[PDB]
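Quick setup: one chain, the form deposited in one PDB entry, written in C-alpha cells, and binding and motion questions come after.
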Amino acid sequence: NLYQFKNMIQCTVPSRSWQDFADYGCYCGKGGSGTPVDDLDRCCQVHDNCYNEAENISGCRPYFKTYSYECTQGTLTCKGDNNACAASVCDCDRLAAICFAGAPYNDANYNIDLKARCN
C-alpha cells in the first residue's frame, strides 16, 4: 500500500523527505501520462505501468493492498508469504524505490503543470 511504498522510499532514500517524490514530473504521484521528463520520472512511469498491470489481478488494488516486506541494512525484500497480488505490488514498489535512489533529483521537475506538460 502507499504507506508501505512511502516507507520503502524512506529506507532507500533517507536523505530526502518522501513527499519529494509524491509530485514530480509527469508520472511521480498524481500523474500518469505524457513524456517522462527525466530519469526519475521514468522510474515513476515504470511504477505506474507496473500498478496498471497488477490491477488486472482480481481484487488487486495497489494503493491499498498490504503486502509483506522488510527494509533492513540497506536492502528491501518482498517476503514469501505474499499472494500473487501482494508479490506483484511489492515488486513494483521495491523496484521503484531502488530506481529512485539512483536517479538525480531535479527541483525544477517538482510539481510541474500536468495539464500543460503531460499530454
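Numbers follow the displayed sequence, beginning with 1.
Keep in mind the form solved in complex with a partner chain is missing from the figure; the text below concerns it.
Interface membership of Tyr67, defined by any non-hydrogen atom within 4.5 Å of its partner chain in the entry with it bound, is ruled out.
Not displayed here, its partner chain is kept clear of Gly34 by more than 4.5 Å at the level of heavy atoms in the entry with it bound. The shortest heavy atom separation between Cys90 and its partner chain in the entry with it bound exceeds 4.5 Å. None of the heavy atoms of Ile98 is located within 4.5 Å of its partner chain in the entry with it bound.
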